[PDB]
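*Asks:* Chains B, T, C and M are the protein sequences, given in the same order. Numbering of the first sequence is given in the entry's author numbering, commencing with residue 14 and proceeding in unit increments. Numbering of the second sequence is given in the entry's author numbering, commencing with residue 4 and proceeding in unit increments. Numbering of the third sequence is given in the entry's author numbering, commencing with residue 17 and proceeding in unit increments. Heads up: the fourth sequence is residues 2 to 138, 146 to 423, going by the entry's author numbering.
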Amino acid sequence: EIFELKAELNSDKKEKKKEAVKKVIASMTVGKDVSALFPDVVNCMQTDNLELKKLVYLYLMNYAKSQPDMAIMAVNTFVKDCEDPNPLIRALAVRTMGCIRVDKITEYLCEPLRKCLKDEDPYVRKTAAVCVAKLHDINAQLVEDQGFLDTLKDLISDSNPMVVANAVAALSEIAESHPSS
Amino acid sequence: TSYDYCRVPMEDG
Amino acid sequence: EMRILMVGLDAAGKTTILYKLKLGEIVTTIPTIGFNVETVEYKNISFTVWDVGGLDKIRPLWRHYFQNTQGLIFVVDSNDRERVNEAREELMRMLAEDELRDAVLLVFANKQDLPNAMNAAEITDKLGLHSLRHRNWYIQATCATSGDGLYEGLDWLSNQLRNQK
Amino acid sequence: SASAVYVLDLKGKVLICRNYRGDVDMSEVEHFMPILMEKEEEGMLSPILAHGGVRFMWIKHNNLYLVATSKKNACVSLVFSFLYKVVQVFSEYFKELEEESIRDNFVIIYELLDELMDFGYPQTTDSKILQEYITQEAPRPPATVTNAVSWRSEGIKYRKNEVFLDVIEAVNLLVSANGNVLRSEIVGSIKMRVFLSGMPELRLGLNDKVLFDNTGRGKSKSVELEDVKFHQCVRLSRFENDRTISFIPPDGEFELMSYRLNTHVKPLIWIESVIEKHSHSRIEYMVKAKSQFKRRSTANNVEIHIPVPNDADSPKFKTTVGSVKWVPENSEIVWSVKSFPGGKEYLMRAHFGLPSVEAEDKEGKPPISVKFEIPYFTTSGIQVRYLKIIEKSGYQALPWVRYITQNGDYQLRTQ
Ligand SMILES: Nc1nc2c(ncn2[C@@H]2O[C@H](COP(=O)(O)OP(=O)(O)OP(=O)(O)O)[C@@H](O)[C@H]2O)c(=O)[nH]1
Ligand SMILES: [Mg+2]
């Protein structure tokens, strides 16, 4: 029942893995326990097709809580996607990064988020400013140890006020979690 | 809608 | 249109030679916690290459790819004598499965720029590649920064994938 | 500060789901519908339900519940305005939003629920700008998505340059059983349809009372706009300075401003109704509808609803002008007049029966509520004066307007 799905998923044709992952997140929509098919969609993730990678990021976001040890095979792909010339796929990878709620993963993700805060193109900056708050939701002292807050306050003094608005939102999110020290 | 418009002036100098 | 792996202990220059076969550059690469997959179209065969890193927490996650696996390339660590023993142990733990049984073997002596790195005969005797039944194995000395020995290994791989002219 | 935007159906199962923070478990929506059916039978229904530490902000669409769960002290009005904007975005991608649209377009709806909100914060919800890289048919995000002018994509070129305006009135009214007016306010809404090329800086001009008192024309007819709610696009600091309406319009239909003022003028359509409800026998409706406005105007397709009892039978309708259909679904008569000229006074007599065995429960008294529509006429008397198209390129556009008077909740209570 799922074995044909995995066999069609471990193919090499575009139209096979694309219909495979659409069938997967169609079964995820109706509420079927598709958590056991985790490490086979991760193999067919690195594609240049962008309508497909949103579905795989969706699967990585809805099923990293249930499979915490299996989700270690994604960090290289996110830190690869956070250097691509397309800014949409960078901000897509960045807002996919923080929602993965695994404590063992956030220790490696601090460097590309640090780079994307210092990016030029403001779309990925207004994504990464909220992703800082996503990361502070998981481990608060890790973000203070990495020193993102002093970099986060520098986007408040930036122009192009959407990055300013998301940075003020994230800072008000983090300062609510602090004891007001 | 079967209703028709009325043009307005531009500058109102 | 064949899949192929690149496994081995970490910091062995394997994603370096992967992106050297991909583009032809020597890129700055982090220690690969996850994995890389690209393809290299070469001699009318798309070499779909599956590099997996060699960190301690990601070695047991190699069995999740071993369902429907066709080929294998193992890359040694010639310059770390204290870790090549546990690299051989991870290899024989990988070679102790009846699931990956049809794959060919291809060993790359990598990072051949230091004088301390061994030749293409001593690594075989340290690993014991002769006593591996049903393993059509072959060794190759590869220098990562120059790119030598890579196309020869790909050509022997093409002679192993198809068994015809 | 939402946590998980859920979209349910009328049975309570999940049509589509999208969590952001993980502070609310994905099985917490299973406690929504039993809690709603529990609160339904004690009159303590609320848009904010409560399950321990998980609150359920929800709205009701056609067949859909857009539950947005939260755990902490969420900014509630943020969540509800987000949910109605999500409704508007889905109804701008989809011609209707029903159960048949979620399970057939899940390719794009997960993308939208990933794009509109991250970590519980709305960040990009203008649907027309969002049509440019999230399509059902991908390039870089346009510069309009990041720039300060975030509702108008530069590079749109049309053949003509048409500026359409619809200054649509909506008379609210509430007349008590005594025959006196309790509340009478007009909620008007200028609704534009812009077909312009370039980056225009329009300057709409009204006959505002404050602008004329600060101008010096304080003896002509000027509307006292008691409150104005402009769109995002209007420069609000410049409006607070000198009542000036300056903006860069979006591309397509939108609602520019929503003015709201009171009315010391008589109601437009008056419903003088009498009810001879004899017990157990019958009921007579010697209702009349006079039009208090000017003789020239022509109220199109009005529908004067009058609520009847629940169990009426054998109708008889002695009218003068305009037919009567009897709708027992809503349990009311719909005295539909096709064209209702001003100054006239039309009489209508409805006559039902009533069952001789009495009812078991009470009935309730809904109000007489008309559905009128008057073109080319404003009750408020607002007059747009000018519309200065300002473009760096330089052309002449054709600004068109039309005035429609509608109803809002034009209710008249019964005895
Ligand atoms: N001097 C020298 N150093 C090399 C050479 N090849 C690889 N290295 C070093 O070895 C490291 C490993 O190379 P990579 O391929 O980028 O990393 P990897 O082998 O995939 O190891 P993981 O990413 O942890 O899986 C590099 O960072 C280099 O510093 C080489 O030919 N000469
Ligand atoms: Mg690597």
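Beta carbons are placed, not taken as given, at the ideal position from N, Cα and C, and that holds for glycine.
Less than 6 Å between the CB of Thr-32/C and some heavy atom of ligand 1, yes or no?
*Replies:* Answer for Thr-32/C: yes, Cβ within range of ligand 1.
*Asks:* Three or more C-beta pairs closer than 8 Å, one from the region 123-132 of chain C and one from the region 150-164 of chain C: is that the case here?
*Replies:* Contact holds: three or more Cβ-Cβ distances are below 8 Å.
*Asks:* What residues of chain B sit near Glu-17/C, judged by a beta carbon separation below 8 Å?
*Replies:* Here the neighbours are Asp-25.
*Asks:* Which value, in whole angstroms, describes the spacing of the CA atoms of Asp-118/C and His-150/C?
*Replies:* So the alpha carbons of these two residues sit roughly 8 Å apart.
*Asks:* Which residue's Cα is closest to the Cα of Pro-317/M: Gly-361/M, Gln-300/M, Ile-164/M?
*Replies:* It is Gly-361/M.
*Asks:* In or out: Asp-174/M buried (at least 16 other Cβ within 10 Å) or exposed?
*Replies:* Looking at its Cβ environment, which holds 16 or more other Cβ atoms inside 10 Å, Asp-174/M is buried.
*Asks:* Does any CB atom of chain T fall closer than 7 Å to the CB of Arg-304/M?
*Replies:* No, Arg-304/M lies away from the interface with chain T (no Cβ there is under 7 Å from its Cβ).
*Asks:* Excluding the five sequence neighbours on either side, which residues of its own chain have a C-beta within less than 6 Å of the C-beta of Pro-81/B, listed in chain order?
*Replies:* Cβ within range, chain order: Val-115.
*Asks:* Mind checking the region 79-100 of chain B against chain C and listing, in chain order, the residues whose C-beta falls within less than 9 Å of any C-beta there?
*Replies:* Residues passing the 9 Å Cβ filter: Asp-82, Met-83, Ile-85, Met-86, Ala-87, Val-88, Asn-89, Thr-90, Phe-91, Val-92, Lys-93.
*Asks:* Using 8 Å as the threshold, is the region 264-274 of chain M in touch with the region 182-200 of chain M, meaning 3 or more CB pairs across them?
*Replies:* Touching, per the Cβ criterion.
*Asks:* Can you find a C-beta in chain T that's less than 7 Å from the C-beta of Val-392/M?
*Replies:* Yes, because at least one Cβ of chain T sits closer than 7 Å to the Cβ of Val-392/M.
*Asks:* At the level of alpha carbons, what is the spacing between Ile-74/C and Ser-190/B?
*Replies:* Computed Cα separation, rounded: 33 Å.
*Asks:* Would a check of beta-carbon distances place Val-177/B closer than 7 Å to chain M?
*Replies:* No, no contact with chain M.
*Asks:* In chain C, which residues lie with their C-beta within 8 Å of the C-beta of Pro-52/B?
*Replies:* Here the neighbours are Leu-77, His-80, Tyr-81.
*Asks:* Determine the DSSP secondary structure at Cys-18/M, reduced to helix, strand or coil.
*Replies:* It is a strand residue.
*Asks:* What did DSSP end up calling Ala-5/M once you bin it into helix, strand or coil?
*Replies:* Of the three classes helix, strand and coil, the one that applies to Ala-5/M here is strand, per DSSP.
*Asks:* Cβ closer than 9 Å: which chain B residues qualify as neighbours of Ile-17/M?
*Replies:* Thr-42, listed in chain order.
*Asks:* Does the beta-carbon of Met-74/B have 16 or more other beta-carbons within 10 angstroms, so that it is buried, or is it exposed?
*Replies:* Answer is buried; the Cβ neighbour count reaches 16.
*Asks:* When burial is assigned at 16 or more other CB atoms within 10 Å of the CB, is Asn-186/M buried or exposed?
*Replies:* The residue in question, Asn-186/M, is exposed, as its Cβ has fewer than 16 Cβ neighbours within 10 Å.
*Asks:* Please determine, among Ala-20/B, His-149/B, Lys-26/B, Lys-19/B, the residue with the shortest C-alpha to C-alpha distance to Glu-17/C.
*Replies:* It is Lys-26/B whose Cα lies nearest to the Cα of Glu-17/C.
*Asks:* Which residues of the region 111-131 of chain B have a Cβ closer than 9 Å to any Cβ of chain C? Give them in chain order.
*Replies:* Listed by position along the chain: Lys-117, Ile-118, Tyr-121, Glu-124.
*Asks:* So, under 8 Å CB-CB, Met-110/B and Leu-101/B are touching, yes? Tell me the CB distance rounded to an integer number of Å.
*Replies:* Not confirmed; about 15 Å, so no contact.
*Asks:* Can we count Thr-45/C as close to ligand 2, meaning its CB is less than 6 Å from some heavy atom?
*Replies:* At least one heavy atom of ligand 2 is nearer than 6 Å to the Cβ of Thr-45/C, so yes.
*Asks:* Which one of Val-295/M, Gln-391/M, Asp-10/M has the shortest CA to CA distance from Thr-327/M?
*Replies:* For the residues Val-295/M, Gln-391/M, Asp-10/M, the minimum Cα distance to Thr-327/M belongs to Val-295/M.
*Asks:* With DSSP as the reference, label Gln-89/M as helix, strand or coil.
*Replies:* In the structure shown, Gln-89/M sits in a helix (DSSP, three-state: H, G or I).
*Asks:* Going along the chain, which residues of its own chain have a beta-carbon closer than 7 Å to the beta-carbon of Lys-72/M, five neighbours each way excluded?
*Replies:* Answer for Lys-72/M: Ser-4, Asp-24, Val-25, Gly-54, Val-55, listed in chain order.
*Asks:* Nearer than 6 Å: is that true of the beta carbon of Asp-26/C relative to any heavy atom of ligand 1?
*Replies:* Yes, ligand 1 has a heavy atom inside 6 Å of this Cβ.
*Asks:* Counting Cβ pairs, one atom from each stretch, are 3 or more of them under 8 Å apart for the region 39-51 of chain B and the region 60-79 of chain B?
*Replies:* The answer is yes - the region 60-79 of chain B touches the region 39-51 of chain B, with three or more Cβ pairs under 8 Å.
*Asks:* Nearest by alpha-carbon distance to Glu-116/M: which of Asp-105/M, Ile-135/M, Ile-103/M is it?
*Replies:* Ranking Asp-105/M, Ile-135/M, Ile-103/M by Cα distance to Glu-116/M puts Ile-135/M first.
*Asks:* Could you tell me the alpha carbon to alpha carbon distance between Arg-357/M and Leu-420/M, rounded to whole angstroms?
*Replies:* Computed Cα separation, rounded: 18 Å.
*Asks:* Run the CB neighbour count on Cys-57/B, radius 10 Å, all protein chains shown included, and call it buried at 16 or more, exposed below.
*Replies:* Buried.
*Asks:* Could you have a look at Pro-76/C and say whether DSSP puts it in helix, strand or coil?
*Replies:* The answer is helix: DSSP assigns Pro-76/C an H, G or I state.
*Asks:* Can you have a look at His-146/C and say buried or exposed, based on whether 16 or more other CB atoms are within 10 angstroms of its CB?
*Replies:* Exposed, by the Cβ-count rule.
*Asks:* Just to check my reading of the structure: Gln-156/C and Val-123/C have Cβ atoms closer than 8 Å, yes? What is that Cβ distance to the nearest angstrom?
*Replies:* With a Cβ gap of about 7 Å, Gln-156/C and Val-123/C count as contacting.
*Asks:* Counting C-beta neighbours from all protein chains within 10 Å, is the total for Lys-274/M 16 or more, i.e. buried, or is it exposed?
*Replies:* Exposed.
*Asks:* Can you find at least 3 beta carbon pairs, one from the region 213-222 of chain M and one from the region 389-400 of chain M, that sit closer than 8 Å?
*Replies:* Short answer: they touch.
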